[PDB]
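Undergrad: Have a look at this one before I ask anything.
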Amino acid sequence: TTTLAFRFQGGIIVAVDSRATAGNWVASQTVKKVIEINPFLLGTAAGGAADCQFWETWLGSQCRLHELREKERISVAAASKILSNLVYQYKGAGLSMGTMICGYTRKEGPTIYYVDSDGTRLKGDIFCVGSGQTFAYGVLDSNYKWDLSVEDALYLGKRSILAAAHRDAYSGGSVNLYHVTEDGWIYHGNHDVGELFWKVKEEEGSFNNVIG
Amino acid sequence: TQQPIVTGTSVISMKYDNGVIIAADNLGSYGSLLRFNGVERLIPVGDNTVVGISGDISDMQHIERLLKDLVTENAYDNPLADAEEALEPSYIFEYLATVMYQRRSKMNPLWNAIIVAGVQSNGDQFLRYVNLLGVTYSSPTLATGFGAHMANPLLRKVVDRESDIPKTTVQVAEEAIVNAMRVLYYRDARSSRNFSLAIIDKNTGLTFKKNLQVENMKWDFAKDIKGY
Amino acid sequence: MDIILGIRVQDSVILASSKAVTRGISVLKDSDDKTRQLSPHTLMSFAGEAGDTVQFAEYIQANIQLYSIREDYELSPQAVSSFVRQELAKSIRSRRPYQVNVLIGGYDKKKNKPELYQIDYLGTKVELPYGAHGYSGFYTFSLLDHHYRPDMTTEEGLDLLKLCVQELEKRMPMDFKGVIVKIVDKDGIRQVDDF
Amino acid sequence: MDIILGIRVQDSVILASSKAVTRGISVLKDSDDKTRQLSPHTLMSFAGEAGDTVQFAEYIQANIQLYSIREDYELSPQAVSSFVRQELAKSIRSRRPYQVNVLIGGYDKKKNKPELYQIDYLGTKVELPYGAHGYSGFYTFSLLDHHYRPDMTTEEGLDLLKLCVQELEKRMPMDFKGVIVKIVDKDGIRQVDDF
Amino acid sequence: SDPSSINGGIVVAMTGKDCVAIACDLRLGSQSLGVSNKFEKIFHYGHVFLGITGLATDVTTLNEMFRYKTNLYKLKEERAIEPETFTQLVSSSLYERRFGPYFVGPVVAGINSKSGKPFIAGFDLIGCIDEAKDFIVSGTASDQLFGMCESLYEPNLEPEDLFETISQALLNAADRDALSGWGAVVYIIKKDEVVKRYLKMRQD
Amino acid sequence: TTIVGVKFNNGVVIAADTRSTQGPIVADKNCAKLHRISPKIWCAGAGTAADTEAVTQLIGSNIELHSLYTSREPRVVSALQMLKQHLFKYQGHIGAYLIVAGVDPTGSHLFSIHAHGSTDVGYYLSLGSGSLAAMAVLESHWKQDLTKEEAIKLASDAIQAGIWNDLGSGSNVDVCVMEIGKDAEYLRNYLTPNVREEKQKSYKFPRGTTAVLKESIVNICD
Amino acid sequence: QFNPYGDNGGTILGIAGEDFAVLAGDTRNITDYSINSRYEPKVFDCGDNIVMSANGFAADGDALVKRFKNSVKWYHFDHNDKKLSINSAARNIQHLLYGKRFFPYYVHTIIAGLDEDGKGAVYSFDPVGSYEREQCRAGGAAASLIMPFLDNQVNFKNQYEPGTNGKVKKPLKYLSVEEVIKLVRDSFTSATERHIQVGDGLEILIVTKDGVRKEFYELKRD
Amino acid sequence: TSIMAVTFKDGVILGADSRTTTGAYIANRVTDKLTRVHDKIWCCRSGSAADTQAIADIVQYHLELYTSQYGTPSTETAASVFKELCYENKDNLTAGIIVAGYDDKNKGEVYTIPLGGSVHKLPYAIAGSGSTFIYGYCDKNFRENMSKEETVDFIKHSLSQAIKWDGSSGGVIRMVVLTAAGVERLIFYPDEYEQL
Amino acid sequence: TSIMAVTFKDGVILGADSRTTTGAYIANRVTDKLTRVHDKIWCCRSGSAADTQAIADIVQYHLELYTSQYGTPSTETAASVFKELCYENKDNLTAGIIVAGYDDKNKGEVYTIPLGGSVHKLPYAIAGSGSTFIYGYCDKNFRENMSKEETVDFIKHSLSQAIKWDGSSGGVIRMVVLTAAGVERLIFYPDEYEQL
Ligand SMILES: *[C@@](C)(CO)[C@](*)(O)[C@H](Cc1ccccc1)NC(=O)[C@H](Cc1ccc(OC)cc1)NC(=O)[C@H](C)NC(=O)CN1CCOCC1
Ligand SMILES: *[C@@](C)(CO)[C@](*)(O)[C@H](Cc1ccccc1)NC(=O)[C@H](Cc1ccc(OC)cc1)NC(=O)[C@H](C)NC(=O)CN1CCOCC1
Ligand SMILES: *[C@@](C)(CO)[C@](*)(O)[C@H](Cc1ccccc1)NC(=O)[C@H](Cc1ccc(OC)cc1)NC(=O)[C@H](C)NC(=O)CN1CCOCC1
Ligand SMILES: *[C@@](C)(CO)[C@](*)(O)[C@H](Cc1ccccc1)NC(=O)[C@H](Cc1ccc(OC)cc1)NC(=O)[C@H](C)NC(=O)CN1CCOCC1
Ligand SMILES: [Mg+2]
Ligand SMILES: [Mg+2]
Ligand SMILES: [Mg+2]
C-alpha cells in the first residue's frame with residue numbers, strides 16, 4: 001500500500017493505490033482500498049487486508065447505528081475514535097491497520113484523522129500511510145499549497161500515488177481518486193498505472209529515469 | 001501438546017470386488033525397545049466395520065472405549081439396532097473424524113492415524129482415513145506410516161483406479177496384503193512378524209484372522225554377502 | 001553518517017552529504033565532511049558503519065592518487081567506479097567486510113560529460129541521473145522522478161537539491177544538521193559554502 | 001512522544017512537551033500537544049508507548065473530571081498525583097501494563113504554592129523543583145542544577161526553559177520539532193503561543 | 001536477508017525454428033525500494049549469450065569473470081567459444097565456489113556456428129546444468145515464468161512469432177512479481193543476425 | 001530421485017528416473033542421472049544434483065588417469081574406494097548418494113555409497129526419495145539367477161514404482177546394462193510413459209501483439 | 001512440539017463468463033512426498049447455485065465447506081427459504097474466516113456462481129477473510145504458475161491491437177463455455193508438468209441458470 | 001546394532017546381526033558387520049557405519065604395512081591402532097568397536113573400545129544398541145574355557161534375545177570363528193534363531 | 001529403579017530394589033517401593049517418587065471408597081483407576097506403575113502401566129531403569145505355572161542382575177507374596193544376592 005489524504009481550500013482529496021501483496025507475490029491489482037462509510041465519510045485501508053476490510057465495514061455499521069439512535073450523522077472525530085478504541089482493545093494481539101478517516105460535518109468542517117493498530121489517533125491536514133508513504137510524501141509535500149484548485153489538487157493526489165506506485169515494489173495497480181466537499185464525497189474514477197504512467201510522462205515531461 | 005510413548009506401526013488396507021481387507025501387526029513399541037507383543041490394533045465395530053489404528057497406544061485404548069461406548073449408546077431405545085438402524089462404517093468414521101479434528105483444534109491431539117474399513121448396508125465398499133490433524137481422504141488402497149511408502153505402491157499395482165475394483169477377487173486382494181506385510185517386516189525397524197488381518201465381505205460378512213505370521217521369506221542370498 | 005545524495009545535470013554532478021556525526025544520545029559533531037577527493041575531477045561521498053567509512057574512503061583515495069602519480073594521468077570516473085566496485089566486491093566475502101555505501105561523482109574530460117555512480121557495500125554499481133543511499137532514497141527518488149529534467153543547469157540542480165533537503169528536514173526522524181554540497185564539473189571540484 | 005520537561009518556580013509550574021509524532025522513517029505530525037488538563041489548576045504531560053499515552057491520559061482526565069462534578073470541588077495536585085501513581089502501580093502488574101511516563105504540574109490554591117510531580121510507568125512518584133522523562137533528563141538535570149534558583153519568576157523560568165530546549169536541539173539525535181509550553185499558576189492554565 | 005531476492009529480476013530463454021530468443025527485465029532494487037530501471041541482465045561473448053539473475057554484485061562479477069575467461073579462450077584457441085563449451089565453463093566456475101557460492105541463476109543461449117543447432121541451458125547457483133529443448137527460466141518470478149512458458153510455448157516457431165511468445169511470457173510473469181519488471185529487453189538470435197528489442201511494459 | 005541397481009546372470013543393470021526438483025517445482029523434466037565413470041563402470045546418483053555430477057566426474061577423471069598409468073581396465077572397487085574416501089573427508093557436506101555398478105576383470109559388481117562415506121554391497125539396491133517405493137517392488141519380485149531381460153524388467157518396474165508413487169520422481173526411465181564380455185549399453189529414455197497430451201489450443205499470437213519501444217541490430221562479429 | 005497445520009497440496013481455478021461460471025480443481029491429495037488419494041474431490045456444490053473450494057490444509061478446508069454448507073441451510077430456515085445470493089455468501093464466508101483470525105483456517109478459498117443480474121461471478125478469499133470479486137482467480141500450490149496465464153488469456157493483459165503502435169489495447173470480451181474449458185484444461189496440464197503436488201485428475205463444476213454440471217478429465221499421474 | 005565377541009578353549013568367536021538403519025527404515029537387512037583387518041584379527045563394528053568403515057580401512061592399511069616390516073602383529077597391537085584413531089578423533093567419531101584375534105602364544109583375545117576411545121581387555125565383550133538387553137543373560141551364562149559348540153550356542157542365544165527386543169537389530173546372525181585351524185564363517189537365519 | 005511382578009501357580013509375587021536417587025546421590029538406600037492399595041492388590045512404583053506416591057494415595061482412597069459401597073474390587077478395576085489417573089494427566093506425570101493382585105476367581109494377575117497411560121495385562125512384567133538389562137534373561141527363564149520357591153528364585157536372580165548393571169538400582173531386594181494364604185513380606189540382603 002500507498003494511501004494519502006490532504007486538506008485544502010476546496011475540501012479534502014483522498015487517493016489510494018489498488019495493489020495487494022502476499023510477500024513478493026502480487027495478489028491483486030484491482031483492490032478497493034477506499035470504503036464509502038456514508039455520503040459524507042470515507043475510510044482508507046493500509047496494512048493487513050482482512051483486518052482493514054473487516055473492521056472498516058464494521059465501523060460503517062457502528063456509524064449507521066449512531067445516526068439511527070441519535071438522529072444525526074456521526075462526527076469524524078467520534079467515528080475515528082470508535083475505530084481507535086476498538087484496535088486498542090486488540091493491542092498486542094497482532095492486528096495490522098493503517099487507516100485514515102476522512103469526511104465533512106457542519107460542526108467540524110473538513111477533517112482527517114489518522115488511526116493505526118498501535119492505538120495512535122491524530123488529527124491533521126496531511127497524511128500518507130502504507131509501505132510507499134514516503135514516496136508519496138516526497139511529491140505531495142514539495143508541491144502542496146493550501147490555495148490549490150480542485151483540478152490541481154485532484155492531480156497532485158493522483159500524481160503522488162503514481163510516484164509511489166512506480167518506486168515502491170509493494171504499491172501499484174491503479175489509482176482511485178475521491179474529492180470530499182461540504183456536499184459529500186465525489187468519486188473521480190479509476191486510473192490504471194499501465195496507461196497513466198506513459199500519459200503523465202509524455203504530457204508532464206517527468207520520469208526521465210525511465211527508458212522512453 | 002503430546003509426545004507419543006507406546007506406539008503401533010503401519011496399518012494397510014484395500015478394496016476388492018465384494019468388500020474390503022485390512023491388516024496391522026501386533027506390536028507395541030517403546031521407542032527402539034520392542035516392548036509389547038500381544039497388542040491387537042484392529043478393532044471390530046459390529047459385524048460390518050473394522051477400525052485399524054496406528055500411533056500412540058494409550059490414545060488407541062481411549063478410542064477403543066469410545067467405540068465400545070458408541071455401540072452401547074446406539075442400542076439405547078433402538079428396536080432396529082441389529083437391522084436398519086445398526087451402526088454403519090460411514091457413521092463410525094464421521095464420529096472419529098469429528099473427534100480427531102476437535103482435539104487438534106484444542107492443541108491436544110489423539111496421536112493416531114486411523115483407517116475405517118467396512119461395507120455399507122447397500123453393499124458399497126467403505127474405506128477412509130483420518131489422523132491426528134483431522135485430515136481425511138479415501139482411495140482404493142490406504143495405508144499409514146511406512147505402509148504409505150511401501151505397501152501402497154504394491155497394492156496400487158492390483159487396484160490402480162476405480163474400474164480395477166470389480167476385476168479384483170478376494171483371493172488376489174488378500175495375497176497382495178499378505179505380501180505387503182512381509183515387505184514391511186523386511187524393511188520397517190518397528191514392525192513384528194506376528195499380525196492380524198480382517199476381511200469384510202458383502203456376502204460372507206466379517207472374517208477376523210488372528211495370530212498370522214510372515215512366511216516364505218528370502219534370506220538365503222545373505223550368505224554370499226561379504227564386508228562392504 | 002546517514003544522508004548522502006547525488007544529482008547529475010547537463011554539465012555537472014552535485015553531491016550533498018549530511019554534517020551530523022551521532023553516537024548514542026549525543027551529536028558529537030555538526031560540521032563533518034563525508035567525502036574525499038579521489039582525483040581533480042572525481043569526488044566520492046560515503047556513509048555506513050563507524051570507522052569503516054573513513055578508513056575505506058582514504059584507502060581508495062590513496063590508491064587513485066598512486067595511480068595518478070605513476071601514469072601522470074587521471075583515471076576516468078567510469079574506471080575509478082569499477083575499481084571501487086571490485087574492492088567492495090572482494091570485501092563482502094572477507095572475514096570482516098567494509099560496511100560502506102558510496103556515491104562517485106565525476107566529470108569525464110574526454111567525453112565532456114558528467115557521471116554519477118551509486119555503489120553499495122555489496123559492490124552493486126549503477127550509473128544514474130540521480131542517486132541516494134540509506135533511508136534518504138525513500139523520499140528523494142520519487143521527488144526527483146517528478147522534478148528532474150536531463151537538460152538542467154547547475155543552478156537548477158541546486159534548487160532541485162534544496163527541494164530534497166527541505167523534504168528530508170520535514171519528514172526524517174533524525175536531525176542530520178544540514179548538508180555540505182559540492183559541485184564536480186569541467187573546472188574540477190568546489191564547495192558551496194552557503195547552503 | 002519523547003521529550004517532556006517540567007520546572008517549578010516561585011509562583012508557577014511550567015511544562016514543555018515536544019510536538020513531533022514519529023513512526024518508522026516518517027514524522028507524521030509536527031504540532032502534537034502531549035498534555036491533558038485534569039482540572040482547572042492541574043495539568044498532566046505524558047510520553048511513552050504509542051496509543052497507551054493518550055488512552056491513559058484521557059482515562060485519568062475522565063476520572064478527575066468525574067470527581068470534580070461529584071464533590072463540586074477541585075482535588076489538590078498532591079491528591080491527583082497520588083491517584084495517578086496508584087493507577088500506574090496497579091498497571092505494572094497487569095496482563096498488559098500502561099507504558100506511560102507522566103509529569104503532573106499543578107497550583108495548590110489552599111497552600112498558594114506551585115507543585116511538580118514526576119511519575120514513571122512503574123508508579124514511581126517524586127516531587128521536584130524540576131523534572132524530565134526519557135533521554136532529556138541526561139542533559140537538562142545537570143543544566144538546571146547549575147542555572148536553577150528556587151525564587152525565580154515565571155519569565156526567568158521560561159528563559160531557563162529556552163536554555164534547555166536549545167541544548168536538546170543541539171545534542172539530541174532526533175528532530176522533535178520544537179515544544180509546546182504551558183504555564184500553571186493561581187489563575188489556571190495558559191499556553192505560550194510563540195516559543 | 002535472502003541473497004537471491006534482495007535485488008530482484010528475471011531471465012527467460014526459448015528455442016524456435018533455426019533460432020533462439022533470450023529475454024530479461026530491467027529492475028534493480030534494494031528490497032522494496034526500486035533503484036535502477038536500466039539494469040540489463042543479459043550479456044554476450046562472441047555469439048554466445050548469457051543471462052544472469054540473483055544478487056546483483058555477483059551478476060556483475062560473473063559477467064566480468066566470464067568476459068575474462070572467454071577472452072583468454074579465444075586468444076589460445078583462435079576461435080569463438082561455442083554455447084555447449086561455454087555451458088561447461090559456467091558449471092565448472094560455479095562449482096569451484098561450492099561452499100561459498102555466487103548467489104545467481106545463469107542462463108546460456110545461442111546457436112552453434114558449426115552445426116547450426118539452437119541451444120539453451122540453465123543452472124542452479126552451485127553449477128548443476130539444466131539442458132532443455134523448449135525453454136529455460138530463472139529469477140524471482142520463476143514460478144510465474146514456468147507457468148507462462150509451459151502453456152504458451154509450441155515447437156518450431158518462426159523468429160517473428162517466437163518474439164511474441166517469449167515477450168508475452170516475460171511480461172505477464174513480471175506483472176505478478178513485486179521485485180521484477182520496470183522494463184524489459186528481448187534478444188532474437190538467428191544464424192548470422194541478432195535483433196534486440198526493448199518492450200513497453202507497466203512501470204509499477 | 002528414484003534410482004536402482006540389480007544383479008543378474010552375466011552382469012549388472014542400473015536404472016533411474018529423470019525428474020529434477022527445486023522445492024515443489026520440477027526444474028528438469030528429462031535430466032540424466034546415469035553417469036559414466038569408465039566405459040564399463042556406471043553410476044546412478046541421488047541427492048544434491050551438482051554434487052553427484054561433480055563427484056562422479058572427478059573420480060571418473062582420476063580413474064581414467066589410473067587406467068592409463070596401470071595399463072589396466074579400471075575396477076569398480078577402485079571407484080568405490082575413491083568415492084567413499086572423498087565423501088567421508090567432507091563429512092556429508094557433499095550430498096551425493098550413489099549406486100556404483102560395473103564389470104571389470106574381477107567380475108560384475110554392485111555397490112551403494114552414502115554422503116557420509118559408508119558403502120554397502122548387494123544383489124539389489126535402491127536410493128533416493130522413492131527408494132522405499134522401489135525397494136517394495138524389488139523385495140516382492142527379486143530372485144536369484146535372474147536373466148538379462150528379467151533384470152531390465154525388474155529394474156524399470158522398480159523405477160516406475162517411484163515415478164508413480166513418489167512426488168520427488170517422475171517422467172522417464174533411463175537404464176544402463178553392463179554385461180560381462182560385452183559393451184555396456186546405455187538406454188537413454190528406455191521408457192517414456194509420461195508424454196504430454198495435445199494442448200486444447202494454440203497460443204500463437206497475432207504478429208504485433210507486443211508493444212515495442214526500441215529496435216537495434218546487435219554486433220556479434222569482430 | 002505439536003504442529004496443528006499441514007499441507008495437502010493441489011490447486012484450484014475459477015473463471016466467470018457472461019451467463020455462466022466454472023470452478024475447477026485437481027483431485028490429487030498429498031502429504032510431503034506421498035500421494036494420499038488420486039481422486040479426492042475438493043470442489044463442492046453448496047446449493048443455491050454456489051460452488052465452493054477451500055484449498056491448502058484439507059482438514060481446515062473440509063471444516064470450512066462444512067460450516068458454510070450449514071450456513072446456507074440455516075439461512076433458508078431463518079429467512080423463509082430465500083435464495084442466498086453469491087455476494088451475500090461471500091460476506092458470510094468472510095465472517096467465518098475472520099472468526100478464526102488468531103488461529104486461522106490455512107486455506108485459499110474460491111466460490112463461483114451467478115450474480116443477481118444472471119451474470120457469472122467468482123469471489124476469492126485469503127486465509128483470514130479478505131475477499132474480492134474478479135473475472136479470474138487461481139488458488140493453491142500452483143496458483144503462481146496458473147494466475148499469470150489467466151491474466152494474459154482471460155483479461156488480455158499485455159496484449160495490444162496489431163499495427164496500432166502499442167496504443168490501442170486488445171478489447172475485453174466474455175468467453176464462451178467452450179473457450180473457458182479449453183483454458184482450464186491447458187492451465188492444469190501445464191501446472192501438472194511443473195508442479196509435483198498437482199496431477200492425477202481434473203474435476204470442473206460449471207454453473208449456469210439451469211444448474212450445476214460436472215466434467216472430469218484425466219491428468220498425468222507421476 | 002547388536003554385536004559380541006567371546007573367547008573360548010580353542011580361540012575366539014565374533015558375532016553380529018545384519019541390520020543397518022536410517023531412522024526406522026532398514027537400509028540393508030543383510031549387512032556384514034564382521035570385518036577383516038588381518039588374517040586372524042577381525043572386528044565387530046557398531047555406531048556410525050561411515051566412521052567405523054573409514055577406521056577399519058585405515059587399521060587394515062596400518063596392519064598390512066606392519067606385516068611387511070615386522071611380521072604378524074599381535075591382537076593387542078591391532079587394538080592399540082584402533083584406540084589411537086578413536087581416542088585422538090573422539091570429538092568427530094561415533095564408533096564402538098570390538099577387536100578380536102587369535103595368536104598361537106596368547107590364544108583367543110578380546111579388546112572392546114567404547115565411544116571415549118578407552119581400551120578394555122575382557123574374556124568376552126558385548127556392544128551396540130541391542131547389547132543393553134543381554135547384560136543380564138550374558139553375565140549369568142558365560143563360562144571360561146567353553147567349547148566351540150557351546151560358544152556358538154551362547155552367542156546365538158544372546159544375539160537372538162538382543163535382536164528380539166532391539167528394533168535397531170535383526171536379520172541374519174553372522175559369526176566368524178578364529179582358531180588355529182583357520183577362519184570359518186557361519187550364518188543363522190530367522191526361522192532357526194527366532195524360535196529358540 | 002528395578003521392579004517386577006510375576007504370576008505363578010498359587011498367585012502372584014511383586015519384587016523391587018530399595019534405592020532412591022537424587023542424581024548420583026542415594027537419598028534412601030532402604031526404600032519400600034512395594035505399596036498397598038488394597039488388602040491383596042499391591043503395586044510397584046517407578047519414575048518420579050512424588051508422582052507415583054500421590055497417585056498410589058489417590059488409588060488407595062478410591063478403592064477404599066469402592067469397598068465401602070460395592071465390596072472387594074477386582075485387580076482389573078484397580079489397574080483401571082491407575083490408568084485413568086496416568087492417562088488423563090500424562091503431560092504432568094512421570095510414573096511407570098506395575099499393578100498386581102490376587103482374586104480367588106481370577107487367581108494372580110499382573111497389569112503394567114507405562115508412561116503414556118496405556119494398560120497391558122501380562123503373565124509377568126518388568127519396569128524401571130534397571131529392567132532394560134534383564135529383558136533377555138527374563139524372557140529365557142520365565143515359565144507359566146511356576147511354584148512359589150521357583151518364582152522367588154526367578155525374581156531374586158532377575159533383580160540381582162538388574163541391580164548389578166544399573167547404578168540407579170541397589171540396596172535390598174524386597175518382595176511381597178500374594179496368595180489365598182495371605183500376604184507375606186520377604187527381604188534379601190546384598191551378601192546373599194550379590195554372589196548368585
Ligand atoms: C500494500 C499492498 C502493502 O501491503 C497495502 O498495505 C495492502 C492494503 C490492502 C488493503 C485492503 C485490501 C488489500 C490490500 N496490504 C496488503 O496487501 C497486505 C499486506 C500485508 C500482509 C500481511 C500482514 O500481516 C498482518 C500485513 C500486511 N496483504 C494481505 O493482507 C494478504 C492479501 N493476505 C495475507 O497476507 C493473509 N495473511 C494475513 C495475516 O494473517 C495471516 C494471513
Ligand atoms: C530427486 C529428484 C530428489 O528430489 C533426486 O535426488 C535428484 C537427483 C538428481 C541427480 C542428477 C541430476 C538431477 C537430479 N535431486 C535433485 O533434483 C535435487 C533435489 C535436492 C535439493 C536440495 C537438496 O539438499 C539441500 C537435496 C536434493 N535438486 C537440486 O540439487 C537442484 C538442482 N538444486 C537446488 O535445489 C539448489 N541446491 C544447491 C545446493 O544446495 C542445496 C540446494
Ligand atoms: C545398529 C544398527 C544401530 O546402532 C548398528 O550400530 C549399526 C552398525 C553398523 C551398520 C552398518 C555397517 C556396520 C555397522 N549402525 C547403523 O546402522 C547406523 C546407525 C547410526 C547412525 C548414526 C550414528 O551417529 C553418527 C550412529 C548410529 N546407520 C548409519 O550409519 C547409516 C548408514 N547412516 C545414517 O543413518 C546417516 N546418518 C549419518 C550420521 O548422521 C545421522 C544420519
Ligand atoms: C529408580 C531409582 C530410578 O528410576 C526408581 O525409578 C525410583 C522409584 C522410586 C523411588 C522412591 C520411591 C518409590 C519409587 N525413582 C527415583 O528414585 C526418582 C528418580 C527420578 C526422579 C525424577 C524423575 O522425573 C520426574 C524420574 C525419576 N527420584 C526422585 O523422585 C527423587 C526423590 N526426587 C528428585 O530427584 C527430585 N526431582 C524431582 C523431579 O524433577 C527432577 C528432580
Ligand atoms: Mg511498484
Ligand atoms: Mg511421482
Ligand atoms: Mg548397583
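Lettering and numbering for the C-alpha cells are positional, with chains as A, B, ... in the shown order, residues counted from 1 in each chain, and ligands counted from 1 in the shown order.
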For residue 1 in chain A, list every protein, DNA or RNA residue within 10 Å, evaluated using only C-alpha atoms, and leave out those in the same chain fewer than 2 positions away; present the list as a VMD selection string.
TA: chain A and resid 3 16 to 21 33 45 to 48 98 129 to 133 161 164 to 165 168 to 172
Undergrad: Output N, CA and C atoms for every residue in that selection, as a PDB file, in the first residue's frame.
TA:
```pdb
ATOM      1  N   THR A   3      -1.430   5.102   0.565  1.00  0.00           N
ATOM      2  CA  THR A   3      -2.661   5.890   0.631  1.00  0.00           C
ATOM      3  C   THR A   3      -2.334   7.281   1.143  1.00  0.00           C
ATOM      4  N   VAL A  16      -5.679   6.570  -3.327  1.00  0.00           N
ATOM      5  CA  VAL A  16      -5.115   5.285  -2.908  1.00  0.00           C
ATOM      6  C   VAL A  16      -4.653   4.482  -4.119  1.00  0.00           C
ATOM      7  N   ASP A  17      -3.745   3.534  -3.898  1.00  0.00           N
ATOM      8  CA  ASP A  17      -3.384   2.555  -4.928  1.00  0.00           C
ATOM      9  C   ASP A  17      -4.338   1.358  -4.829  1.00  0.00           C
ATOM     10  N   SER A  18      -4.089   0.310  -5.611  1.00  0.00           N
ATOM     11  CA  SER A  18      -5.002  -0.837  -5.659  1.00  0.00           C
ATOM     12  C   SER A  18      -4.302  -2.198  -5.624  1.00  0.00           C
ATOM     13  N   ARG A  19      -3.062  -2.240  -5.141  1.00  0.00           N
ATOM     14  CA  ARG A  19      -2.302  -3.491  -5.132  1.00  0.00           C
ATOM     15  C   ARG A  19      -2.443  -4.233  -3.810  1.00  0.00           C
ATOM     16  N   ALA A  20      -2.523  -5.559  -3.896  1.00  0.00           N
ATOM     17  CA  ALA A  20      -2.471  -6.429  -2.725  1.00  0.00           C
ATOM     18  C   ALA A  20      -1.280  -7.369  -2.873  1.00  0.00           C
ATOM     19  N   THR A  21      -0.583  -7.630  -1.768  1.00  0.00           N
ATOM     20  CA  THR A  21       0.628  -8.452  -1.786  1.00  0.00           C
ATOM     21  C   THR A  21       0.565  -9.606  -0.791  1.00  0.00           C
ATOM     22  N   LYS A  33      -9.409   0.053  -1.851  1.00  0.00           N
ATOM     23  CA  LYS A  33      -8.836   0.418  -0.553  1.00  0.00           C
ATOM     24  C   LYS A  33      -9.554   1.592   0.109  1.00  0.00           C
ATOM     25  N   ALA A  45      -7.657   2.226   3.569  1.00  0.00           N
ATOM     26  CA  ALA A  45      -7.154   0.955   4.088  1.00  0.00           C
ATOM     27  C   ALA A  45      -5.678   0.752   3.749  1.00  0.00           C
ATOM     28  N   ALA A  46      -4.863   0.539   4.777  1.00  0.00           N
ATOM     29  CA  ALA A  46      -3.467   0.126   4.598  1.00  0.00           C
ATOM     30  C   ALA A  46      -3.077  -0.846   5.706  1.00  0.00           C
ATOM     31  N   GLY A  47      -2.204  -1.793   5.381  1.00  0.00           N
ATOM     32  CA  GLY A  47      -1.823  -2.844   6.320  1.00  0.00           C
ATOM     33  C   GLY A  47      -2.464  -4.168   5.950  1.00  0.00           C
ATOM     34  N   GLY A  48      -2.699  -5.006   6.957  1.00  0.00           N
ATOM     35  CA  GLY A  48      -3.373  -6.289   6.755  1.00  0.00           C
ATOM     36  C   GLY A  48      -4.744  -6.092   6.140  1.00  0.00           C
ATOM     37  N   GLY A  98      -3.410   0.598   9.087  1.00  0.00           N
ATOM     38  CA  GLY A  98      -3.027   1.997   8.946  1.00  0.00           C
ATOM     39  C   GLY A  98      -4.130   2.698   8.192  1.00  0.00           C
ATOM     40  N   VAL A 129       0.012   7.061   4.289  1.00  0.00           N
ATOM     41  CA  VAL A 129       0.078   5.821   5.053  1.00  0.00           C
ATOM     42  C   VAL A 129       0.304   4.631   4.127  1.00  0.00           C
ATOM     43  N   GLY A 130       1.146   3.701   4.572  1.00  0.00           N
ATOM     44  CA  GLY A 130       1.442   2.486   3.817  1.00  0.00           C
ATOM     45  C   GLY A 130       2.924   2.324   3.536  1.00  0.00           C
ATOM     46  N   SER A 131       3.274   1.200   2.914  1.00  0.00           N
ATOM     47  CA  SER A 131       4.661   0.885   2.560  1.00  0.00           C
ATOM     48  C   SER A 131       5.313   1.952   1.681  1.00  0.00           C
ATOM     49  N   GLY A 132       4.518   2.594   0.830  1.00  0.00           N
ATOM     50  CA  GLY A 132       5.028   3.640  -0.053  1.00  0.00           C
ATOM     51  C   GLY A 132       4.676   5.050   0.379  1.00  0.00           C
ATOM     52  N   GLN A 133       4.444   5.249   1.676  1.00  0.00           N
ATOM     53  CA  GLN A 133       4.034   6.560   2.190  1.00  0.00           C
ATOM     54  C   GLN A 133       5.098   7.632   1.972  1.00  0.00           C
ATOM     55  N   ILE A 161       0.377   9.240  -5.745  1.00  0.00           N
ATOM     56  CA  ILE A 161       0.191   7.788  -5.747  1.00  0.00           C
ATOM     57  C   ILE A 161       0.998   7.151  -6.875  1.00  0.00           C
ATOM     58  N   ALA A 164       4.645   6.813  -5.946  1.00  0.00           N
ATOM     59  CA  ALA A 164       4.858   5.687  -5.037  1.00  0.00           C
ATOM     60  C   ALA A 164       4.645   4.349  -5.738  1.00  0.00           C
ATOM     61  N   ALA A 165       3.596   4.270  -6.553  1.00  0.00           N
ATOM     62  CA  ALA A 165       3.317   3.079  -7.357  1.00  0.00           C
ATOM     63  C   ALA A 165       4.529   2.678  -8.196  1.00  0.00           C
ATOM     64  N   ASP A 168       7.849   2.195  -5.148  1.00  0.00           N
ATOM     65  CA  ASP A 168       7.550   1.163  -4.158  1.00  0.00           C
ATOM     66  C   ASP A 168       7.136  -0.117  -4.868  1.00  0.00           C
ATOM     67  N   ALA A 169       7.852  -1.201  -4.583  1.00  0.00           N
ATOM     68  CA  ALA A 169       7.566  -2.511  -5.170  1.00  0.00           C
ATOM     69  C   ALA A 169       6.241  -3.095  -4.673  1.00  0.00           C
ATOM     70  N   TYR A 170       5.818  -2.679  -3.476  1.00  0.00           N
ATOM     71  CA  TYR A 170       4.579  -3.168  -2.863  1.00  0.00           C
ATOM     72  C   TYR A 170       3.417  -2.175  -2.996  1.00  0.00           C
ATOM     73  N   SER A 171       3.448  -1.381  -4.065  1.00  0.00           N
ATOM     74  CA  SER A 171       2.345  -0.494  -4.428  1.00  0.00           C
ATOM     75  C   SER A 171       2.183  -0.486  -5.943  1.00  0.00           C
ATOM     76  N   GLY A 172       0.961  -0.243  -6.408  1.00  0.00           N
ATOM     77  CA  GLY A 172       0.690  -0.169  -7.841  1.00  0.00           C
ATOM     78  C   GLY A 172      -0.727  -0.547  -8.221  1.00  0.00           C
TER      79      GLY A 172
END
```
Undergrad: Which parts of range 125-192 of chain G does DSSP call strand (DSSP E) when run on the backbone here, written out as JSON, numbers by chain?
TA: {"G": [125, 131, 132, 133, 134, 136, 137, 138, 139, 140]}
Undergrad: Neighbours of ligand 2 at 6 Å or closer, counting only C-alpha atoms and all ligand atoms: which residues, as an NGL selection string?
TA: (:E and (124 or 126 or 128)) or (:F and (1 or 19-22 or 31-33 or 45-49 or 128-129 or 168-169))
Undergrad: Show me which residues sit within 7 Å of ligand 3 when counting only C-alpha atoms and all ligand atoms, and put them as JSON, numbers by chain.
TA: {"F": [116, 118], "H": [1, 2, 19, 20, 21, 22, 23, 31, 32, 33, 45, 46, 47, 48, 49, 50, 52, 94, 128, 129, 168, 169]}
Undergrad: Can you tell me which residues surround residue 140 in chain F at a distance of at most 9 Å, considering only C-alpha atoms, apart from same-chain residues fewer than 2 positions away, and format the answer as a ChimeraX atom specification?
TA: /B:154,179-180,182-183 /F:135-138,142-143
Undergrad: When DSSP works through the backbone of this structure, what residues of range 21-191 of chain D end up as alpha helix (DSSP H), shown as a VMD selection string?
TA: chain D and resid 52 to 71 77 to 91 137 to 147 154 to 171
